[PDB]
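The data below comprise the sequence and an experimental structure of the protein.
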Amino acid sequence: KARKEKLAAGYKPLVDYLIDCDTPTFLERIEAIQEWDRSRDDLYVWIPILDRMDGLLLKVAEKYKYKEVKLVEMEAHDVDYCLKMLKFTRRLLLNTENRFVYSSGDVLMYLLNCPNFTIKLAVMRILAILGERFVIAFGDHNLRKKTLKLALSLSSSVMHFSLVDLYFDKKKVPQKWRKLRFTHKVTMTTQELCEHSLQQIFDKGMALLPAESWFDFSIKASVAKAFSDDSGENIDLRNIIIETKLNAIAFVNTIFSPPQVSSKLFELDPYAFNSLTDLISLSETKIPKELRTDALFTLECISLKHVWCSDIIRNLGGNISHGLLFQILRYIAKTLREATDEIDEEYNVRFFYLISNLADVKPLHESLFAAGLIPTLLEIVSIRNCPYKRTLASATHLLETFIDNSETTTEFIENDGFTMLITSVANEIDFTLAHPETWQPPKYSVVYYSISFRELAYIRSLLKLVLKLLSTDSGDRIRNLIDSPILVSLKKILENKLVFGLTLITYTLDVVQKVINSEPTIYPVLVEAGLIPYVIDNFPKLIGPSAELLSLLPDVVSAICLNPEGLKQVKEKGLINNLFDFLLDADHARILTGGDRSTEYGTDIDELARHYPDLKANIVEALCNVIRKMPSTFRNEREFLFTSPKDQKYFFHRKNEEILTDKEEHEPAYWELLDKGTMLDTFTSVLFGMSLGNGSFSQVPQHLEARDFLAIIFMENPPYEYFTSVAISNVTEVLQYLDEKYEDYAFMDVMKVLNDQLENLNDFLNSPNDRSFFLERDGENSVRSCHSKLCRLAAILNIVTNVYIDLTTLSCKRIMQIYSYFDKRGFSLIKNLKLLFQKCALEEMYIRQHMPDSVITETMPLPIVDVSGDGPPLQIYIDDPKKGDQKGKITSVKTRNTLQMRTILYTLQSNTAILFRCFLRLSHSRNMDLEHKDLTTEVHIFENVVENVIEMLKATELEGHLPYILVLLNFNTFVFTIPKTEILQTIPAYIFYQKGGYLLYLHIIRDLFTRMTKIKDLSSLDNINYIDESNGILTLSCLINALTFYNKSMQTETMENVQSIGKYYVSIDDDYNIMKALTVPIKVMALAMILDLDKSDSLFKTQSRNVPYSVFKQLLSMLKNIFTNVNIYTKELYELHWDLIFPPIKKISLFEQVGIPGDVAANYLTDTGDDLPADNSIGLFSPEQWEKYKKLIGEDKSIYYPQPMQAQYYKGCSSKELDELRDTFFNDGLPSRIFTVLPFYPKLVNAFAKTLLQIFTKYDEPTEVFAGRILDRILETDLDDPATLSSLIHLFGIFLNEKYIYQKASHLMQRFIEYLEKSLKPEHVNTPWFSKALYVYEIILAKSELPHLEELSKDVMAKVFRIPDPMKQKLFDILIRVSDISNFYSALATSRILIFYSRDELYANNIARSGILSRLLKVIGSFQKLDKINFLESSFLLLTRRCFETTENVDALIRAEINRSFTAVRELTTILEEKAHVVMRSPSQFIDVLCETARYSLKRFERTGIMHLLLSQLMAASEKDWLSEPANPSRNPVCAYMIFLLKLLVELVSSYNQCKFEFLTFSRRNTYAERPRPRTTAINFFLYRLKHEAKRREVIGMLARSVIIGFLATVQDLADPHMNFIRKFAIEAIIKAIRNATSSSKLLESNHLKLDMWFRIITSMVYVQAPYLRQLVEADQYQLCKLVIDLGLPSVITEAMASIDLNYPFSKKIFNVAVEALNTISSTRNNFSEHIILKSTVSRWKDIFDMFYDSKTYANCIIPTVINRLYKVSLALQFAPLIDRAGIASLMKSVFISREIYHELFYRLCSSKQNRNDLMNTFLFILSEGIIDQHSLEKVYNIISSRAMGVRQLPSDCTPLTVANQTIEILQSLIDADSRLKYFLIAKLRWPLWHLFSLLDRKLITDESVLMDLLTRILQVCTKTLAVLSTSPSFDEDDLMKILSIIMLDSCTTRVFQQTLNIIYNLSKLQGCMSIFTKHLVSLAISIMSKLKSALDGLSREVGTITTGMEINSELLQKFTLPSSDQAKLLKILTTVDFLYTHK
C-alpha cells in the first residue's frame, strides 16, 4: 500500500491537471489524450480520475433512468458527452496496468440498456477489455444474457452471403434483413421501416410486447432499421452493429466456459470464425478501420482460450507459407518499408500479440515454425531507419517469445539473425545519441531518461532478445559474434545513463556480466574496449533506484572480480563500499523490497564473499560503516498522536461522548511510510540474508560493539506499530543467529538498554494509581513524549523476550548470564517491571472506564500479528468475540489515538508477564547443578519477584476495580505455572506462601463469595461463553481463577517436584520434601475456609442452587484434594531465605567484615556444622578480629539460622491441624449433607461421586454401607420426583461402577434389580431417570454376561454377580413393550441394553418381531438435528446387525478368525487377548472351535422384516426434500438421515445373505406371501428414483452405487447357485433398464443422468468394487465377468451407443462412460486362462466389545474351561468376439466426435480375429472413402450408423480433417502397439496397404503436416516389415512417383523427410525399385534446376543493381527465404539420392 501511495504522489501533477478542471474543460482534456508516450501507467494512480468519470456517467444514466427501462434514445449532446468519456476509458484501460482496481463497471452495465447503438458499441468495447485479466489469471445472469443476445445479433453468413461481402459490389444484401420480423409478434415491411423513425419504431414495438422483450426488439428493430436502407447513415449504423457484434463475441468468450461458448454461440453462429478471419486482412482497404481492429481484437480475445486456437490457424492459413497470416505479415513489412500513412501500429501490435498467443500451443508452434514464420519476422525487423519503433519493438518481442527451443534458435541464427540484431542495436544507439532533437521524454511521470520511450522500448526489446540468444548457446554467440561494434555501443549506453534510463543500464550490465561469466577469457577484450575500466571507475554513477539493477549489482562485482587484476581494482577503488552505501538512501531502499528481493541481495553479497575470501575483510568493514552511519540519518519525520479538533484532547473523557466519525483508514499505518521505516525494513532484510549463509556476517561482532548495533534497532521515537514491523522480525532472526554464535555479545547491552529505558519512564511508572496518567495529562505535550517512550520500550521488550529470555532459549550460559547481570547490577529491573505492569493494567482499566462502549470494541488490541492471545493480560470484551464484530467502523482521531495506546499497553503487559515467568523458572528449566554462589542468587531473584507480585496484589482494594483484579489474578496464575497441563512452580509458590500470598488469595476468595451471594440472578452466569464487563460475570471469573490457583497448588500431580529442603539448609530438624510439605498448609487453609462457608449456611444446607455450577465444581475439586493422602507429617516449615542458604551468606558477610577470607569462613562453617564460634578456641580469629566479631555478631543469634513459618489462618498449619479439621468436617459435613444438596446440582452428580469416593477412601468406612444408603433413598423417593430420582440413580451407578463396591455390593445389586422389576414400566420410558436406571442395569448386565468359570482337576479372577434368569426375562419383556419413545437418552440406553440382550438368537428373534427397531429408527429420524445423534446411530447399527447373525454365520466367522490367528506356535493368553471380542460374541462356540483346532502354548493342529422397514423408511425420506440447505451435506437433516440409512443398508447387504434375500424380495405393499417371490421394487427404486445440492446428489449416488455393488458382491465367509441367481436378477434388471431408456434418442436425452449412473454402476461392479466397500474378491470379479458376458451385456451396451445422436450435448458424455464400461469388461477379461466410515462384521464385534468391556482382560476369565478341555485330554494323548460385428460400427462413431480409453479398447478388441478384421476394415473404409469431401464424410457416417443399428446429420464441428486425424492417430497407435496388425495391411486395391497410399493423392492430407507425419510412420513400419519378408505385393511406377512426391510437398518437415527417406530405402530393398527411384529423382532435379537457374540469374542481376540505400525486392527474396523455396527441394532431392546410395 505504501508503494501505491508513493506512486500516486509521484503522479500527483497529472491528477491535479485532470481534476482541477471543470467538466466542460475535463472532457476536452481527456479527449486530447490519444497517444501514450510512456510505459503502461498503473491504474491505481488513475483512480481519482476514474471516480470522477464514474460519477459523471451515472448522472447521464439517471437523466434517462437506465439505472423496467423504456426505449428512449439519448440526445446527440448526451451521446457525445458519454462517448468522449467511454472512448477515453477504453484508451486508458488499453494503456494501463493492474486494472483490477477498476470498480465503475456497474455504470457500464446500467448504460448497456441504452437503445442507441453507439453507446452499446462503446460499452461493449469497454467491457471486452475488462475481464481479460480474469481469463489471464461480471457474475450477473442478466449481463450474460444481454451480451449473448447482442452477439447473436445478425447472422455471420446466410444463403452464400457473409457480412464481409457488404463492402463489395459483387453481391446484394439478403432480403431477410431488409424487413422486420420479431417474435417472442411484430412485422414491418421494407417500406414501413423507412418511413417510421427509429424512436417511432421503438414506440410502436413497445406497445405490443412486454418489458422483458423490449431490449431484444431494440436490437432487431435497429438492425431492421439499419439494413432497411439503400444508403446514408444506415451504412454507418450497419458498421456500428457489426462492430458491436464482434465485441460481444469477444466478451462472451471471457465469461462463458469453452463448452458453454461452443454450445451457446458458435453452434448458433457456425460461420463466425470464417467471417472474422475474412475481415482482418490489411491488403483490402474497403473494410472500415474500426471494424478491422475490432475483428482483430476479437480474434485476440478468443485466442486466450487455447481450445479454439488451432481452428484460428486453419482459418488464417497459418500452416502454409502463402497463407493469409504470412500475407498480412509481408504486407506489414511492405508498408513499413514504404513509410505510408496506411500503417496502423495498434493493428500491428494486436496482430503480433495474436500470433504469440497462437504460438503458445505446441502443435501450432510447430506449424508456424515450419510454415516459415522466422524468415518473415526477420524481414520485418531487418528494416533500417524505420521511424515506427512501436511496430518493430512488438515484432522483436514476438520473435523473442517464439525462439525457445533449439530448432527455432538454429533457424534464427542460420538466417543471420544475430549479426542483424547486433548491427540494429549499434545503429539504434548511435542514431539516438547523435540526434538529440528527436528526444521527447514523457511528461506527467517520474522518469530517468530523455529518449522518446519509443527508442527505449525498441532497444529494450533488442537487448532482451540478445540476452536470450546469449543464454541459448554462449560458446560462439558471446565470443565470435559479439566482436562487432556492439561493445562500443554498450559503452555509450553506460556513459549516458541520464539519456538512456536505468532499464537500458540494467540490460547492458546484465549482458556484460553474462558474457564475462561464460568464457571469462574475453575479459581482456572488454578491458581493451574500455567497458570494464569505465564500470570500475564510475560504479557509483551507475547505481540508481531500480530493483533489477540493484539486485544485479553484486553479480556485476563478482564478474569483475573473476580476474585477479579486476579483484585488485575492486579492492582499491572500494566498490564494496558502494554496494552498501545506497542502503542509507530511502529512495533506493524503498525500491528494494524488504522481503524476498532484499534477502536475495544479502545472500548474493554473502556468496560473493565466499567465492573471493580476499573481499571478506572489505565486505564486513563496509557493513560496520553503514551500521555506524545509519543512526545519523534518523530524524523526527512526523507525529503519530493528534489532538481532536473539537476539544484539543487526545483521548475520550466520558462514556456518552459523541464520535466525530472521520473517514481516514481505521487503523493507521505509519512505519512503512516513514523513510527510516522502509530503510530499516530493507537493511535488516539484507542483514538477515547475509546471516543465513553463516559466512562473512559472523565476523561483524568484531569491529562493531553491540551498542552500535542496538543503536539502529531501538531508534528513538518509533511508531506504535514498530514492534510488529518486518524490521523487528529480521532483527530478531539476526540477533538469534548472533546470540547462538556469540552468547556473550549483546545480551548484557540489551538488558542495560532495557533498564535505562525503564529508568527514563520513572515519572510514568511512579504516577498515582487512583487515576489514569494519560487522561489526567490529556491535552499536553508530555503525552506524546510518554507514548514515544512506551513505543521504544515495547520494541525493547519484544526483542528481549523473543530473542534472549525465553523458556525455549534458556541455555546454561544464558542462565549464568542472567545471574551475573542480577548480581552486578541489582534488582531494580524487577521492581521497574512490576511497576510497568501495574501502570499498564491500571491505564487499560481507567481508559476503558471513559470511552463509549462502541469505541472499546473498535480499539481492542488482541488481533496482533503474532500474539496468539493466550496468556495475560486477560481481555474483557463487551460483545461476543467469536461473533462477526470484526471492528472497522466509526473511526476518529480519538479512536486512533486510543487504539495505539491500547495496543502498546497490551504488548507491554504481555511481554512483562512472559519475562516474569522466565525469571521465576530460570535454572529449573535445564536441571543443571548450581554452586552455592549461583543457587543463592537464583533464590534471591525468586524472593524479589514473588515479593513484587505480592505487593502488586496488596496494593489495590477489591471494590470497584474488578476488571483490574481479574487481570492481576490471571497474571499470577500465568506466572506461577509451567507450560506443557500446566504445572505449578514449586519453589516460587513456596516463597509466595511464606510471604502470605495464599492468605491474600483466601481473603479474596471469601470476599468474592460474599459478593456473589449478593447477585440477584445466577442462571445468567451459566451462559458464560465469553468474559464481559458485567459485575456478576467478572466476580465469577475472579472467583474461578482464585479457586483454580488454589486447586493447582494442592495436587502433587500438578506441582513441580523440587527436591527436599536438605538442598538449602542444614541447621534443620527434618528434611521434608518441599513439594509435599507445602501442600499441607494450603489444605488446612482451604478446609478452614470451606468450614467457615458452611457455618455461614451459604455452601451447603441451601434450599436452592445459589452457586453457579463452575464454582461448585471447583469447591468439590478442593474437597477431593483436601482428603487425598500424601505421605508426609510436617510439624513446622522453615522460611526460604537467600541469606541463610548453606553456607549462610549473612554469616559469611559478617566474617568478611571481621576480615576472615570468604573461602576460609565458608570452610570453617562447613566444618563447624553451621554453628557460630562461641569462643575463639578455634583460633581462626586474631585477638583484634575476635574483638571486632564479638561486638559485630549482635546479641540475637537467631537471625543467622532458618526460622519456622508462622501459622497463617488457623491456629496452626501442621499435619496435625489438617487431621483435626478433616475429622471435624467428616462428622458434620457432606457425607451426611450429600442428599440434601445433590438434587440441586444434577449436572455435577459425577463430580460428587469422585469426591465422596475419596472421602470414604481415606477413612476406610464401608463404602457398601453408603451405597446401601443411596439405594434406600432411591426406594424411599416416589416416582413423582424424577429430578431427584435420576440424580440418585446416577450416583448409585457411579458408585457401583467401582470394582470395590461391586465386589461388596451383591445384595445391593439384587435389591436394585428387584426394585427395577417392580417399578420400571414402559410408561416411564420418557422420564429422565428411566435412562439412568437402564445405565445402572447395564453396569450389572455387562458383568453378569461374563463367561462362566469352571473348575480344574490336573495341571502344572474375582467373583461376579449372576442375574437371576426370571428377572432377566422380566426386564427384557418390559423393555420390548416400550411404546413411542420421546427421550433421546432413553432410546440410547434401550439400544445399549438390547445389544447385550441380542447375543442369544432367540432374544434377537424376539427383538426383530417386537418392532422396537422401528421405534428406535423413528427416534433416530426425529432427533437428526441433535449433535449426540451419532452415538445412537452407531448403537442402532450394531443392534440391527446382531438381529441377522444366525448361529451358523457367527460359527463360520469365529472359525475363520481363529484360523487366521493361527496361520498369521502361540500362547492361549495372547490369542484370547487379541481375539477378546470374538470370545465375548459367543464364548461357547469359540471354546468349541478352539478345542477342535488346537491341541499355555498351543500347537497349530424366514422374513425378518428389518430390511423391509429400512427400505421403506429410506424411500419415504427420499420423497422429502434432501437437497435444500438450511437457513443460514449432513447439514440437511433429511440428507443426514438418508446417508445413515444408506450406510446401514450397505453394511447389512454386504455382510449377510439374509439381508440380500430380503433386499431381493422387498415389497412396498407389505404383501404377506409366504416365501415372497423376487421383486424388482428395491433395485428399480435404487436405479431410477435416487452447488451444495450437487455434492448431496454425488454423495447419495455414490452410496446407492455402493449398495447395489455390495448386493452383487459375495458375503465374506465355484459359484453359489443363490448368489448366481441374485447376480443374474440384478444384471437382467440393469439390462432391461438400459434397453428401455435408450430406445430412441429423445429418451436418452431425457434420462442421460440415469444412463450415466447405470453405466458407472456396471463399470464398478465388474472392475473391482464401488466407492467405499473396500473395507468390507478375485472370484467375485471373475464370476461377474462370466455372467455379464453370458447375459449378452456387451451387445446391449453397443446397441445403446448405436442409438445416440452425437449432436446433443449430453449424448457425447454417455458415449465416454459406455466406452469406459466396455473397456473395463475387456480388461477384467484378464482372467484369460479361464476364458463416512464402514466396518466389517468382526470390526463391529470389536466395537461392541469396547462399548462395554474396555479392559481387554475379561477374555482371560475363560482360561480355565479351555484347560478343562484341551490340556486335560491333549496332555494325556500327545478369445471369442466380444462384440458381434455390429457394435464395432457403433464404436467407430468415436472417430466422428472431437482418448487413451479408446486406444486401450481397440487394442483389446484386436485380440479377436473377427473383431480385428472388422475394425481394421472399417478404419480403412473410412480413410479411403470417408476423407474426401464433407458430403462423402456424411455419407460414410450414415453408412456406419446404419450398420451399427442394423439419414442422420453429421455433427457440425466434425470435418474431414478431424476425422482423418483421429482415425490415423488410432491406426498408428494400434500398429505400434501390436505387431500382428501390420501383417494384415501387408497381406491393386486387394492389398489393404494400397488404400493408405491413395491418401497421398489428396490435398486434405498432403497439405497437413501431422497427418502426413503419422501416415509416413505407418508406411515406414509396414514397408520395413514388407522388405524384411521379401529379403528373408508388387509396386509400379505410379506408386513410386506417389511416394516420391512427398519430398516435393511443402508439408515435408524434418521428421516427415526422415520417415520418407526410410520408406524409400525400404522400398528400394525390393527388386526393381532403385532404378525407378533414381530415374524419377533425376527428372525431378532436372525440372527444379530450370527454376533455380532463372531465380539465381534474377538475384545476381538485382544484387548487382543495388547501389546502397535500396533493398532487394521482397518478391525476389521470397523465392529463396521461404521454406518452400526450390533450393530446399533441390537439397532434399540430392540428400535423398545420397541416402539411397549410401545407407548401405
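Alright, I've got the coordinates. Residues are numbered from 1 along each chain as shown.

Only C-alpha atoms from now on, for both contacts and neighbour counts.
Fine.

what separates residue 1908 from residue 1900, distance-wise?
Residue 1908 is 10 Å from residue 1900, where distance means Cα to Cα, to the nearest Å.

nope, residue 659 is what I was after
Taking Cα to Cα, one finds residue 659 at 79 Å from residue 1900.

Residue 1841 against residue 1787, yeah?
No: look at residue 1841 against residue 1787 with Cα atoms under 8 Å: they stay out of range, at 9.9 Å.

Mind listing the shared neighbours of these two?
Common neighbours of residue 1841 and residue 1787, counting by Cα atoms under 8 Å, 6 or more residues apart in numbering, are residue 1698.

Which stretches in the stretch 1451-1600 of the chain count as helices?
Shown for the stretch 1451-1600 of the chain, the helices assigned by DSSP state H, counting those that start in this stretch span residues 1468-1474, 1476-1481, 1483-1493, 1506-1519, 1533-1551, 1553-1560, 1577-1580, 1588-1608.

For residue 1241, give me its contacts.
Contact analysis of residue 1241 by Cα under 8 Å, 6+ apart lists 1105, 1109.

Use 55 as the first number from now on
Okay, using 55 as the starting number, the last item reads as residue 1295.

Which strands and helices lie in contact with the longest helix along the chain?
Identified as the longest helix of the chain according to DSSP state H is helix 2024-2055. Contact here means 3 or more Cα pairs under 8 Å, 6 or more residues apart in numbering; DSSP states H and E; on that basis helix 2024-2055 packs against helix 1987-1998, helix 2064-2071, helix 2076-2090.

As JSON lines, these with distance to residue 186 and mean neighbour count would be great.
Listed next are the helices and strands packed on helix 2024-2055 as JSON lines, based on distance: least, Cα to Cα, whole Å; neighbours: other Cα atoms under 10 Å:
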{"stretch": "helix 1987-1998", "distance to residue 186": "43", "mean neighbour count": "17"}
{"stretch": "helix 2064-2071", "distance to residue 186": "37", "mean neighbour count": "15"}
{"stretch": "helix 2076-2090", "distance to residue 186": "42", "mean neighbour count": "17"}
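
do you know which of those lies nearest residue 738?
Nearest to residue 738 among the helices and strands packed on helix 2024-2055 is helix 2064-2071 (57.5 Å), distances taken as Cα to Cα.

Find the helix or strand that residue 722 is a member of.
Secondary structure from DSSP states H and E places residue 722 outside every helix and strand.

Could you do residue 1012 as well?
Residue 1012 belongs to no helix or strand, assigned by DSSP H and E.

and it, how many neighbours?
By the measure other Cα atoms under 10 Å, the count of residues near residue 1012 is 16.

quick one: the nearest residue to it once chain neighbours are set aside from residue 1092, how far?
Leaving aside its sequence neighbours, residue 1012 sits nearest to residue 1019 (Cα to Cα, 6 or more residues apart in numbering; 6.8 Å). Residue 1019 sits 7 Å away from residue 1092, going by Cα to Cα.

One more: residue 659?
56 Å.

higher neighbour count, the two?
Per other Cα under 10 Å, whichever of residue 659 and residue 1092 has more neighbours is residue 659, with 27 against 22.

if I pick the more buried one, what's in contact with it?
608, 744.

What segments of the protein are strands?
Using DSSP state E, the strands assigned to the chain run over residues 95-96, 150-151, 211-212, 215-216, 234-236, 240-242, 1031-1032, 1037-1038, 1520-1521, 1551-1552.

Return the distance of the fifth one from the chain's centre.
Pointing back at strand 234-236 there. Strand 234-236 sits 53 Å away from the centroid of its parent chain (Cα atoms, centre = their mean, to the nearest Å).
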